[PDB]
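Trainee: Provided herewith is a single structure, encoded as structure tokens, for subsequent inquiry.
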Protein chains: 2
Amino acid sequence: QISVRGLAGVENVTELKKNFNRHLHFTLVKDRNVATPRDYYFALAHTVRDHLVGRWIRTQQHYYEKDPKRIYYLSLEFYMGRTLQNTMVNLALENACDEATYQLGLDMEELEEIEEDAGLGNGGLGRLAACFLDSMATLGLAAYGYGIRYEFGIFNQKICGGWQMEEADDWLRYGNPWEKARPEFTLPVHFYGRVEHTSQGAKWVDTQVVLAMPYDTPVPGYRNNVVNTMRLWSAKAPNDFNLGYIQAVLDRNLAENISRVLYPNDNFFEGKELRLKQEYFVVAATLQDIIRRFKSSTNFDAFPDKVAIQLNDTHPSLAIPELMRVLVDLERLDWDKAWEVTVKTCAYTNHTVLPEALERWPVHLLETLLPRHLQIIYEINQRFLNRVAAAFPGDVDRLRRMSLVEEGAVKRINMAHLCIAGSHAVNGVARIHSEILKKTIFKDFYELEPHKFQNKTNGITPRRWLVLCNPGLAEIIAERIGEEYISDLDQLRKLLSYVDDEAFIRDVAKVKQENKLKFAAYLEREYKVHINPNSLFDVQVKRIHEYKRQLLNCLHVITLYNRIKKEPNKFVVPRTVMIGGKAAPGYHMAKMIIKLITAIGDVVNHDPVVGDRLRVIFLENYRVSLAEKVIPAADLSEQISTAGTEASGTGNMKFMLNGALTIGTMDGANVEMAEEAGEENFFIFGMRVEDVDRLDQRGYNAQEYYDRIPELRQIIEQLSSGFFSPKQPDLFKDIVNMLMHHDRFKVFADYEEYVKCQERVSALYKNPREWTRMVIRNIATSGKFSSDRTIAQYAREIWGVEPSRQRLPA
Amino acid sequence: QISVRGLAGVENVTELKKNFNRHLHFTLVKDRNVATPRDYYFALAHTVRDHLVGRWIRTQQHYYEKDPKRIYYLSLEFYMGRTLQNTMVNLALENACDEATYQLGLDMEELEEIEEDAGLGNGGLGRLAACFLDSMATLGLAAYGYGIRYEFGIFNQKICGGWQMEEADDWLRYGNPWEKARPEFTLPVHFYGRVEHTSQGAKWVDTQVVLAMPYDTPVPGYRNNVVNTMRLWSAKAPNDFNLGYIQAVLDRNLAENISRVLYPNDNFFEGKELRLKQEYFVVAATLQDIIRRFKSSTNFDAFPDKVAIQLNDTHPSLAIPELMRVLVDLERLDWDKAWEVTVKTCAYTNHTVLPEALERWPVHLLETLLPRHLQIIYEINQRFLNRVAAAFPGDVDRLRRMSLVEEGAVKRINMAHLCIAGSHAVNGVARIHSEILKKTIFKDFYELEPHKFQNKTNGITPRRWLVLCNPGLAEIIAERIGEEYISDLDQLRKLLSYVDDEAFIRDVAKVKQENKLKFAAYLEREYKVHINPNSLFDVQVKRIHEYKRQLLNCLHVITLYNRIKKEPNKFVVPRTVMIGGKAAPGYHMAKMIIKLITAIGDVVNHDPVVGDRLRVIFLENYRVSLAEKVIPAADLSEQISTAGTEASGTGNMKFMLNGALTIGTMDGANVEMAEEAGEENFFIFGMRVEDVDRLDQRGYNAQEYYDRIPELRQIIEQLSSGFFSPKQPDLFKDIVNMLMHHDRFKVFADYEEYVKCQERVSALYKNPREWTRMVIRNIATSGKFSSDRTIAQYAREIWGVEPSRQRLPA
Ligand SMILES: OC[C@H]1CN(CCCc2ccccc2)C[C@@H](O)[C@@H]1O
Ligand SMILES: OC[C@H]1CN(CCCc2ccccc2)C[C@@H](O)[C@@H]1O
């Protein structure tokens, strides 16, 4: 149907059809008379999968022949989403499969909806890893993603009476056609035990063994015939485990629980033993695999020339002492040489400055679980502090500030300090974030080793986040500038010469309207909710946290409702306000905010005076597949975190690429986004980082704003008195109390400027032509935010490898 | 190479080769340069599997069209063994695959050794179910095997210092190519809860739900294009199970433990809750599946015309009250009609008279786990006893003897009594066993309902147990009488006219010698043990239990050793004595017997005076795959249980078919075997059932035999004093004590006649021509013991269906 989706040739369509029928018969053991849509999905998935394996085998053979430097990306999360459409896109198979399935009497889009998300992540961090894998393959890097194959990914969110309910994400129930189990490459992982010292070095003995079984998933590059590997470990008990008999077999679960479930806390730090086990499990198995592959190319001098290890946050920080353990205890390298190799091999990406996310493990846990690793950490610390002492003689407080060991009630290990010490490069994820790191939390380390500190502004893959989810926009763009931009997103700048083009303006607005209509229909078909598709689609989708200030959005929504109730017969730009995102199950306040949003909906959506001028919808079960639906339909992107808190954001970039305007604070990547588009083309409001600092030094008093802003006072009075909860008048007392007395994120401080800025949004929306022209200026300058750019920078500035757009032979 | 293995045509060989290469590339994601033998096995398995599915789909379509009466065989065990060779044999693909793999530069027999046994059974009962499935498909019956897909089958047995060690049988580690998961037909199973009574009947409420997920495995008939289904249930927790969050997900294991592990006790009764859960789980899911299939053909009058349920032992006895529950509580049939349907549908096979195997469940377990079922059982009992009371007025002790409820310290339910009450047919598994049932343990029930009681003598499939494991013998037989006997084993009678044929005699003895050489080589290659292949292969392989009297064999072995030590320079027929079998992990005496066997080996195998005249080997990890190796190599089959204890035996039949002579008591099927061959062609010895009874009435005094048999006295003195355990002199005190004071199985009573009979064996073995002629007379009369005969009798006399040898279209 459309150009960007590839050719639908006669030979290819005929071949896909017969392979589809073959899989339905031989693979699924079905015939057309008993087959359900699910069976048809699987037949197609298997057909498309076959096209990957040829390329998969020769890519890995190619890496064996050419022996390039290998990139190992270690993450506890890979938020992959659905694989079918992505695979078709990257292999140029989408139109052919569309045709083949059409001729079989099937709708492909219907089949695509059957696939479960691979939900092996929480949000931003996990999705970044997934975008990164796509870009590394597209740029021809010999890269491997290493993680854990969780049996249960992020929970499915149900809303019951306005309250979040969790249910297990049993994503493997029907099987996963994309993975290949590799039980032959199973590796042992050691836990507990004790350390023995001998004539010739230390020995870790009396350990409990858990087996790590790998599952490989292919990662296709964009139309370059490169197929990389994501290897995920599954925990398996050894066959002599605990070997009454029956109980010993049943107790195998204790070992296998390691890979059972993803911690759903968006990596808020919870010092749980099971989480530490997960962290070591991925690290220990991965490093054995890395060394094995290296030896099959004694002299570890060349190790850093052939291996790069990227630590995604501090979660795999145990790679540093585990690499030391292997080189010193097993390979018998001396400490100094082993350390040199370790530092040159490892690099660390920091993802946030917020203290609640910082991993600080109690020493007593490491003592019991990983006794050899604790000894190595102590030695690293000692030698690191000796360097600090020599560089800044007599500076005793620097010594305690920089120590990897934190003293106090319970001694802890600061994993971020470990990572900086043991890595040759440390990067933040947006310019403002990387600057804050050097100025605040890692200032001491920057003073000692300034060369280590870098920035790598985050990005998103234009394959999934434009071509896949918004084919209509990808197509109208391709018509004017060709298809090259899909792997060279800087080419969207060429769209600036179409900002005064009346045909293009009409087409952009047309694509948006079609997306909005399609999403409005989806909401009715699957959730029975009615929305006006002519209203401004105002959307905030992201994990529920206080720093993201969903509550600030709530205050604006209520302001609009109160203003309508005051002057009902006055014209207001109609809005559909959509908010979605999961709360961590044990995060009481986050769950209360969800309830508040639904409670506002209950009042606003049923007021006859309001009509269809204002609607408030909580988007249930926000996840990658839903993101691909809601983002192309958005008009306004809410990016309103307190300045200095959102390290980067990536959702912001997704909205920019897809034709939404942004209302946001000068935080994270919002700053670079506004810089690229021009500030006149963004709706910036609120305190900057410097203003936040000034307020903290003076002392934040929320009562001041309440006293001086009558519209704000009314809302708080409404919340307190039970306007939004008639049967439970006191329901929101905790929210009000937090807002009034202990708000870390200064919601009231930005309220006035936010409401004012929102008025400016509504004014522009009244002028469709000028709205769309500003949209075009956003889309046209979104090029910097491709993960191809991000990964090219990692490659050249950290990993020391050259990206390549050159095809491998088909 | 050989005739019985089918054709190796040019088109078929070329097609197998390309499909082999296709699976290696697309399915295994490998190429020849990285592939291991395991990969080659899987490529072949997938290639052969493809040939099944076409036939599998049309068989099940055929059953849907013709709507025949369906046979449901319910068992907690199916001891399937390996599937690859069996599939090739039944599809006539063996020579073609042999050729195809040879041309690819691969040895097929090597690939066949890679397959794990499907070890979902303990021994005789599980293997019977597996032979039965093969025969039902071969005889064209619309039959379904229903069981549990255990994650862990029977443990692997390791011998360490003469002691049995157990390790988990992780049979699914590398995947199972034969099964097809059917998550779409997942069914809910209910546990716990309570019973509510309403205006319109009882309701079972507040239950915990466990999901039953089916896996289907194909069962090919012999060369008839019939492919039946074995459906095995896997336990799955529902997604809202227990829904802190992490713990709720981890606690899913509690529900899923139901299908985790096979109880390895050879069905010695252990009243464990988990076992009861397993029993209900298979029953509840199976019956829902049966009713579903029946409704997709209101009027349950025709239910018994379209459905037969065979209860394999009492393990699935809960089918009776579960069927009543469904018909009464859910379908709202009246009791009397529901009961009529239940009785006409169900039939029960008893497998033993030994009390330790009898299932008698504590009422308090059923009260908590299955409260509605207990109420139904009580009602069945009440109505049953009213019938007893009317038939035998005033016979109060009959009432208590026949009750399904046993009173005492703890009240129990007698599951065997439930089965007789609720079934239209009850059968034993050999003529002597079925007679004992009517005369002893079920005498009261036989008096009430004589028509219910039947015999169905067990059998074995001649496909697995001749053609597959002994191709050399199958071939020399086919040369004389053709191939028809493979599905018509009565034709072996034609071999009687070759008993004086010098060429045939030479060939039979040649096949045996080749088998013995092959097995002697196997023992060295895989276990580094040296045996003389010119010795008499004296073998006893079967589960270790006191009733099977492995100890009687041990006493003979020691007698031979003592006789050699007394007269070293006197000629004795050389023997290799092989004993193998697993002991239940908690069965102390069985484990001590294993240790004794190895301890005897330690003394006998290293005595220079003995030389290679006597060897004692314990065969490690006895299982189906090992049976297929050792049975064709055997000269003497030990079947020496105390008369009246071994209900049938099936190992005995396997040895008879494969050219071994039998030394045995008049027990189980041994009686019918001797009757078929003629007693002159069997080595029968020892007490008959009647002699055992006489001894019990008089009182068994083991001391009498010790006092009067000096050779026996010497052995006991040797055991007691530490001759076979120098470093632990008292090691065998428990064995001696049991033999002397509490031997339920009268080992000493049969000692003299056994030793004497063994002398007669050795005498015949000295005359190779006369040994072989007697062998020919055994093989020639083994026809009755085909499971095709057994199943034809079940079909006609219990299930009311006609077997068919007619082909389905290919
Ligand atoms: O780098 C990927 C994302 C990583 N996240 C990490 C969020 C960590 C966090 C989690 C809970 C509470 C506070 C902080 C921040 C975003 O700005 C980034 O875009
Ligand atoms: O019917 C299959 C077999 C069933 N077995 C059941 C053995 C049951 C048992 C298990 C432990 C202790 C005593 C008895 C007896 C054999 O004679 C039969 O051949």
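Each chain of the structure tokens is named A, B, ... in the order shown, its residues numbered from 1; ligands are numbered from 1 in display order.
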Kindly work out which residues sit at most 10 Å from ligand 1, using only C-alpha atoms and all ligand atoms, and give the list as a CSV table (one decimal) with N, CA, C and O atoms, in the first residue's frame.

Mentor:
chain,number,residue,atom,x,y,z
A,122,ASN,N,10.9,-1.8,33.2
A,122,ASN,CA,10.0,-0.9,33.9
A,122,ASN,C,9.5,0.3,33.1
A,122,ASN,O,8.3,0.7,33.2
A,123,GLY,N,10.4,0.9,32.3
A,123,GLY,CA,10.1,2.1,31.7
A,123,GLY,C,11.3,2.6,30.9
A,123,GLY,O,11.8,1.9,30.0
A,124,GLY,N,11.8,3.8,31.2
A,124,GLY,CA,12.8,4.5,30.4
A,124,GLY,C,14.1,3.8,30.3
A,124,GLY,O,14.7,3.7,29.2
A,125,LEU,N,14.6,3.2,31.4
A,125,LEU,CA,15.9,2.5,31.4
A,125,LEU,C,15.8,1.3,30.5
A,125,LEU,O,16.7,1.0,29.7
A,126,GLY,N,14.8,0.5,30.6
A,126,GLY,CA,14.6,-0.8,29.8
A,126,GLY,C,14.4,-0.5,28.4
A,126,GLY,O,14.9,-1.2,27.5
A,127,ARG,N,13.6,0.5,28.1
A,127,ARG,CA,13.3,0.9,26.7
A,127,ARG,C,14.5,1.5,26.0
A,127,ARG,O,14.8,1.2,24.8
A,128,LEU,N,15.4,2.2,26.7
A,128,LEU,CA,16.6,2.7,26.2
A,128,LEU,C,17.5,1.6,25.7
A,128,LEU,O,18.1,1.6,24.6
A,129,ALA,N,17.6,0.5,26.5
A,129,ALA,CA,18.4,-0.6,26.2
A,129,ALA,C,17.9,-1.3,24.9
A,129,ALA,O,18.7,-1.7,24.1
A,265,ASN,N,9.8,-1.8,40.4
A,265,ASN,CA,9.8,-0.6,41.2
A,265,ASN,C,10.5,0.6,40.4
A,265,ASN,O,10.7,1.6,41.0
A,266,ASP,N,10.6,0.4,39.1
A,266,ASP,CA,11.3,1.3,38.3
A,266,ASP,C,12.7,1.6,38.8
A,266,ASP,O,13.2,2.7,38.6
A,267,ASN,N,13.3,0.6,39.5
A,267,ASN,CA,14.6,0.7,40.0
A,267,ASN,C,14.8,1.7,41.2
A,267,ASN,O,15.9,2.2,41.4
A,268,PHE,N,13.7,2.0,41.9
A,268,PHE,CA,13.8,2.6,43.2
A,268,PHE,C,14.6,1.5,44.0
A,268,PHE,O,14.3,0.3,43.9
A,269,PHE,N,15.6,1.9,44.8
A,269,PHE,CA,16.4,0.9,45.5
A,269,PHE,C,15.7,0.3,46.7
A,269,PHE,O,15.3,0.9,47.6
A,312,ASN,N,24.9,-0.7,32.3
A,312,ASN,CA,23.7,0.1,32.3
A,312,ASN,C,23.2,0.3,33.7
A,312,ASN,O,22.5,-0.5,34.3
A,313,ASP,N,23.5,1.5,34.3
A,313,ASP,CA,23.3,1.8,35.7
A,313,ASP,C,24.3,1.0,36.5
A,313,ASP,O,25.2,0.3,36.0
A,349,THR,N,27.2,4.0,32.8
A,349,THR,CA,26.2,5.0,32.5
A,349,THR,C,25.3,5.3,33.8
A,349,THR,O,24.7,4.3,34.3
A,350,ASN,N,25.4,6.5,34.3
A,350,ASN,CA,24.5,6.9,35.3
A,350,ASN,C,23.2,7.4,34.8
A,350,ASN,O,23.1,8.1,33.8
A,351,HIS,N,22.1,7.0,35.4
A,351,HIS,CA,20.7,7.3,34.9
A,351,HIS,C,19.9,8.3,35.7
A,351,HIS,O,18.8,8.7,35.3
A,352,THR,N,20.4,8.7,36.9
A,352,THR,CA,19.6,9.6,37.8
A,352,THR,C,20.5,10.1,38.9
A,352,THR,O,21.4,9.5,39.3
A,353,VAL,N,20.1,11.3,39.4
A,353,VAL,CA,20.8,11.9,40.6
A,353,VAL,C,19.9,11.7,41.9
A,353,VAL,O,20.4,12.0,43.0
A,354,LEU,N,18.7,11.2,41.7
A,354,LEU,CA,17.8,11.0,42.8
A,354,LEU,C,18.3,9.9,43.8
A,354,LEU,O,18.6,8.8,43.3
A,355,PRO,N,18.4,10.2,45.1
A,355,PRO,CA,19.0,9.3,46.1
A,355,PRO,C,18.3,8.0,46.3
A,355,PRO,O,18.9,7.0,46.5
A,356,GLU,N,17.0,8.0,46.1
A,356,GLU,CA,16.2,6.8,46.3
A,356,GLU,C,16.5,5.7,45.3
A,356,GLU,O,16.2,4.5,45.5
A,357,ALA,N,17.1,6.0,44.2
A,357,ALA,CA,17.5,5.1,43.1
A,357,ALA,C,19.0,4.6,43.3
A,357,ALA,O,19.4,3.6,42.6
A,358,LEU,N,19.7,5.2,44.2
A,358,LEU,CA,21.1,4.8,44.4
A,358,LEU,C,21.3,3.5,45.1
A,358,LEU,O,20.7,3.3,46.2
A,428,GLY,N,26.6,10.7,31.8
A,428,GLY,CA,25.2,11.0,32.1
A,428,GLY,C,24.4,10.9,30.7
A,428,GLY,O,25.0,10.7,29.7
A,429,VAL,N,23.1,11.1,30.8
A,429,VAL,CA,22.2,10.8,29.7
A,429,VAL,C,21.5,12.0,29.0
A,429,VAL,O,20.7,11.8,28.1
A,430,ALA,N,22.0,13.2,29.4
A,430,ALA,CA,21.6,14.4,28.8
A,430,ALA,C,22.6,15.5,29.3
A,430,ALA,O,23.1,15.4,30.4
A,433,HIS,N,22.1,16.8,32.8
A,433,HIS,CA,22.3,15.8,33.8
A,433,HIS,C,23.8,15.5,34.0
A,433,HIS,O,24.3,15.5,35.1
A,456,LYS,N,26.3,11.5,27.0
A,456,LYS,CA,25.8,10.9,25.9
A,456,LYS,C,24.3,11.0,26.0
A,456,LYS,O,23.6,10.3,26.6
A,457,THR,N,23.8,12.1,25.3
A,457,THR,CA,22.3,12.4,25.3
A,457,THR,C,21.6,11.2,24.7
A,457,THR,O,21.9,10.7,23.6
A,458,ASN,N,20.5,10.8,25.4
A,458,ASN,CA,19.7,9.6,25.0
A,458,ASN,C,19.0,9.9,23.7
A,458,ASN,O,19.0,11.0,23.2
A,459,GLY,N,18.5,8.8,23.1
A,459,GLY,CA,17.8,8.9,21.9
A,459,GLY,C,16.8,7.7,21.8
A,459,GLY,O,16.7,6.9,22.7
A,543,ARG,N,5.9,6.4,33.9
A,543,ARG,CA,5.7,5.8,35.2
A,543,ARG,C,5.3,6.9,36.3
A,543,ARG,O,5.7,8.0,36.2
A,544,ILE,N,4.4,6.5,37.2
A,544,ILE,CA,3.9,7.4,38.2
A,544,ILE,C,4.9,7.6,39.3
A,544,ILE,O,5.2,6.7,40.1
A,545,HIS,N,5.5,8.8,39.4
A,545,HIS,CA,6.4,9.2,40.5
A,545,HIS,C,6.1,10.6,40.8
A,545,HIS,O,5.7,11.4,39.9
A,546,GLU,N,6.3,11.0,42.0
A,546,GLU,CA,6.2,12.4,42.5
A,546,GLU,C,7.1,13.4,41.7
A,546,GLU,O,6.6,14.5,41.5
A,547,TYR,N,8.3,13.0,41.3
A,547,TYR,CA,9.1,13.9,40.6
A,547,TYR,C,8.6,14.2,39.2
A,547,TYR,O,8.9,15.3,38.6
A,548,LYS,N,7.8,13.3,38.6
A,548,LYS,CA,7.2,13.6,37.3
A,548,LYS,C,6.0,14.5,37.3
A,548,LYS,O,5.5,15.0,36.3
A,584,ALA,N,4.7,1.6,41.2
A,584,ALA,CA,5.3,0.5,41.9
A,584,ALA,C,4.3,0.0,43.0
A,584,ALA,O,3.7,0.9,43.6
A,641,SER,N,8.4,17.6,34.8
A,641,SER,CA,9.2,17.3,36.0
A,641,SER,C,9.8,18.5,36.6
A,641,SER,O,10.1,19.5,35.9
A,644,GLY,N,15.9,19.6,37.1
A,644,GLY,CA,17.0,18.9,37.8
A,644,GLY,C,16.7,17.5,38.2
A,644,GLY,O,17.6,16.9,38.8
A,645,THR,N,15.5,17.0,38.0
A,645,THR,CA,15.1,15.7,38.5
A,645,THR,C,15.1,14.6,37.4
A,645,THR,O,15.5,13.5,37.6
A,646,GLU,N,14.5,14.9,36.2
A,646,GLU,CA,14.4,14.0,35.1
A,646,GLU,C,15.7,14.0,34.4
A,646,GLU,O,16.0,15.0,33.7
A,647,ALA,N,16.5,13.0,34.5
A,647,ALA,CA,17.9,13.0,33.9
A,647,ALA,C,17.9,13.3,32.4
A,647,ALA,O,18.7,14.1,32.0
A,648,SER,N,17.0,12.6,31.7
A,648,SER,CA,16.9,12.9,30.3
A,648,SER,C,15.4,12.8,29.9
A,648,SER,O,14.9,13.9,29.4
A,649,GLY,N,14.8,11.7,30.1
A,649,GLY,CA,13.5,11.4,29.5
A,649,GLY,C,13.7,10.9,28.1
A,649,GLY,O,14.7,11.2,27.4
A,650,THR,N,12.8,10.0,27.6
A,650,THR,CA,12.9,9.5,26.2
A,650,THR,C,11.5,9.6,25.6
A,650,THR,O,11.4,9.8,24.4
A,651,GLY,N,10.5,9.5,26.4
A,651,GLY,CA,9.1,9.7,26.0
A,651,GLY,C,9.0,11.1,25.3
A,651,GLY,O,8.3,11.2,24.2
A,652,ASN,N,9.6,12.1,25.8
A,652,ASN,CA,9.6,13.5,25.2
A,652,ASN,C,10.1,13.4,23.7
A,652,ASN,O,9.4,14.1,22.9
A,653,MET,N,11.1,12.7,23.4
A,653,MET,CA,11.6,12.6,22.1
A,653,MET,C,10.7,11.8,21.1
A,653,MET,O,10.5,12.2,20.0
A,667,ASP,N,14.3,20.8,31.8
A,667,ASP,CA,14.8,19.6,32.5
A,667,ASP,C,15.2,18.5,31.5
A,667,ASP,O,14.6,18.4,30.5
A,668,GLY,N,16.2,17.8,31.9
A,668,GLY,CA,16.7,16.6,31.1
A,668,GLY,C,16.9,17.0,29.6
A,668,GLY,O,17.4,18.1,29.3
A,669,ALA,N,16.4,16.2,28.7
A,669,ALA,CA,16.6,16.4,27.3
A,669,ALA,C,15.7,17.5,26.7
A,669,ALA,O,15.9,18.0,25.6

Trainee: Write out as a ChimeraX atom specification which residues come within 12 Å of residue 142 (chain B) when counting only C-alpha atoms, dropping same-chain ones fewer than 3 positions away.

Mentor: /B:59-64,66-73,133,135-139,145,219,221,226-230,306-308,795,799,801-804

Trainee: At a cut-off of 12 Å, using only C-alpha atoms, what residues contact residue 726 (chain B)? Leave out same-chain residues fewer than 4 positions from it and give the result as a list in words.

Mentor: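 Final neighbour list, sorted by chain and number: residues 599, 600, 602, 603, 718, 719, 720, 721, 722, 730, 731 and 732 of chain B.
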
Trainee: Give the strand (DSSP E or B) residues of region 417-596 of chain B, as assigned by DSSP on the backbone, as a PyMOL selection string.

Mentor: chain B and resi 425-428+453-455+460+536-541+575-580

Trainee: Using only C-alpha atoms, select each residue of chain B with any atom at most 9 Å away from an atom of chain A, and give the selection as a ChimeraX atom specification.

Mentor: /B:25-31,49-51,53-54,56-57,152,165-170,173-175,180-184,238-241,243-246,249-250,253,257,260-264,585-586

Trainee: Closest to ligand 2 among B:405, B:590, B:677, B:627, using only C-alpha atoms and all ligand atoms?

Mentor: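 The shortest atom-to-atom distance to ligand 2 comes from B:590.
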
Trainee: Do a neighbour search on residue 344 (chain B) at 9 Å with only C-alpha atoms, toss out local chain neighbours closer than 5 positions, and write the hits as a list in words.

Mentor: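 Listing them by chain and then by number gives residues 303, 304, 305, 308, 339, 422, 423, 424 and 425 of chain B.
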
Trainee: May I have the residues from that selection written out with N, CA, C and O atoms, as an mmCIF file, in the first residue's frame?

Mentor:
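Output file again.cif follows:
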data_model
loop_
_atom_site.group_PDB
_atom_site.id
_atom_site.type_symbol
_atom_site.label_atom_id
_atom_site.label_comp_id
_atom_site.auth_asym_id
_atom_site.auth_seq_id
_atom_site.Cartn_x
_atom_site.Cartn_y
_atom_site.Cartn_z
ATOM 1 N N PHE B 303 -24.273 -41.285 26.907
ATOM 2 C CA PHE B 303 -22.903 -41.099 27.407
ATOM 3 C C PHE B 303 -22.105 -42.419 27.435
ATOM 4 O O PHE B 303 -21.024 -42.478 26.855
ATOM 5 N N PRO B 304 -22.648 -43.484 28.075
ATOM 6 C CA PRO B 304 -21.924 -44.763 28.083
ATOM 7 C C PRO B 304 -21.780 -45.433 26.709
ATOM 8 O O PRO B 304 -20.944 -46.323 26.554
ATOM 9 N N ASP B 305 -22.578 -45.014 25.727
ATOM 10 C CA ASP B 305 -22.461 -45.531 24.359
ATOM 11 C C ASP B 305 -21.316 -44.879 23.593
ATOM 12 O O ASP B 305 -20.824 -45.429 22.605
ATOM 13 N N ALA B 308 -15.939 -44.717 27.187
ATOM 14 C CA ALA B 308 -15.455 -45.695 28.163
ATOM 15 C C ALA B 308 -14.282 -45.097 28.931
ATOM 16 O O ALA B 308 -13.358 -44.557 28.329
ATOM 17 N N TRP B 339 -25.876 -42.192 38.495
ATOM 18 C CA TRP B 339 -25.191 -43.406 38.935
ATOM 19 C C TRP B 339 -25.167 -44.486 37.860
ATOM 20 O O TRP B 339 -24.131 -45.113 37.641
ATOM 21 N N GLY B 422 -18.481 -48.510 41.824
ATOM 22 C CA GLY B 422 -18.785 -47.584 40.728
ATOM 23 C C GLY B 422 -18.392 -47.997 39.319
ATOM 24 O O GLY B 422 -18.472 -47.179 38.398
ATOM 25 N N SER B 423 -17.975 -49.252 39.144
ATOM 26 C CA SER B 423 -17.558 -49.771 37.834
ATOM 27 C C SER B 423 -18.394 -50.971 37.415
ATOM 28 O O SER B 423 -18.789 -51.772 38.258
ATOM 29 N N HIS B 424 -18.636 -51.105 36.113
ATOM 30 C CA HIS B 424 -19.353 -52.262 35.568
ATOM 31 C C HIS B 424 -18.446 -53.471 35.342
ATOM 32 O O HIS B 424 -18.937 -54.583 35.151
ATOM 33 N N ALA B 425 -17.131 -53.251 35.357
ATOM 34 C CA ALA B 425 -16.161 -54.332 35.190
ATOM 35 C C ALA B 425 -14.937 -54.121 36.066
ATOM 36 O O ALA B 425 -14.429 -52.993 36.193
#

Trainee: Near residue 386 (chain A), within 12 Å and counting only C-alpha atoms, which residues show up once chain neighbours fewer than 6 positions away are dropped, as a ChimeraX atom specification?

Mentor: /A:379-380,392-396,398-399,402-403

Trainee: Quick one: residues within 9 Å of residue 234 (chain A), only C-alpha atoms counted, chain neighbours fewer than 2 positions away excluded, as a ChimeraX atom specification?

Mentor: /A:148-151,211-215,232,236,256,258-260

Trainee: Which residue is closest to residue 455 (chain B)? Choose from B:427, B:728, B:3, B:381 and count only C-alpha atoms.

Mentor: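 Of B:427, B:728, B:3, B:381, the one nearest residue 455 (chain B), counting only C-alpha atoms, is B:427.
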
Trainee: Mind checking which residues fall within 7 Å of residue 575 (chain A), counting only C-alpha atoms, ignoring those fewer than 6 positions away in the same chain, and posting them as a tab-separated table (two decimals) with N, CA, C and O atoms, in the first residue's frame?

Mentor:
chain	number	residue	atom	x	y	z
A	535	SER	N	-11.04	17.40	19.86
A	535	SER	CA	-10.44	18.08	21.01
A	535	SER	C	-8.92	17.97	20.96
A	535	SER	O	-8.36	17.17	20.20
A	536	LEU	N	-8.25	18.82	21.74
A	536	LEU	CA	-6.80	18.76	21.87
A	536	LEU	C	-6.44	17.53	22.71
A	536	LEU	O	-6.90	17.39	23.84
A	537	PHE	N	-5.63	16.65	22.15
A	537	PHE	CA	-5.19	15.45	22.89
A	537	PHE	C	-3.98	15.80	23.76
A	537	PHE	O	-2.85	15.86	23.30
A	538	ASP	N	-4.27	16.02	25.04
A	538	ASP	CA	-3.31	16.44	26.04
A	538	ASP	C	-2.88	15.18	26.79
A	538	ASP	O	-3.66	14.59	27.53
A	613	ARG	N	-16.40	19.31	26.31
A	613	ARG	CA	-15.35	20.33	26.32
A	613	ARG	C	-14.13	19.93	27.15
A	613	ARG	O	-13.04	20.48	26.97
A	614	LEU	N	-14.32	18.98	28.06
A	614	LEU	CA	-13.23	18.49	28.91
A	614	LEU	C	-13.49	17.05	29.33
A	614	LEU	O	-14.55	16.74	29.88
A	615	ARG	N	-12.52	16.19	29.06
A	615	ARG	CA	-12.56	14.78	29.43
A	615	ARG	C	-11.24	14.39	30.07
A	615	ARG	O	-10.18	14.81	29.61
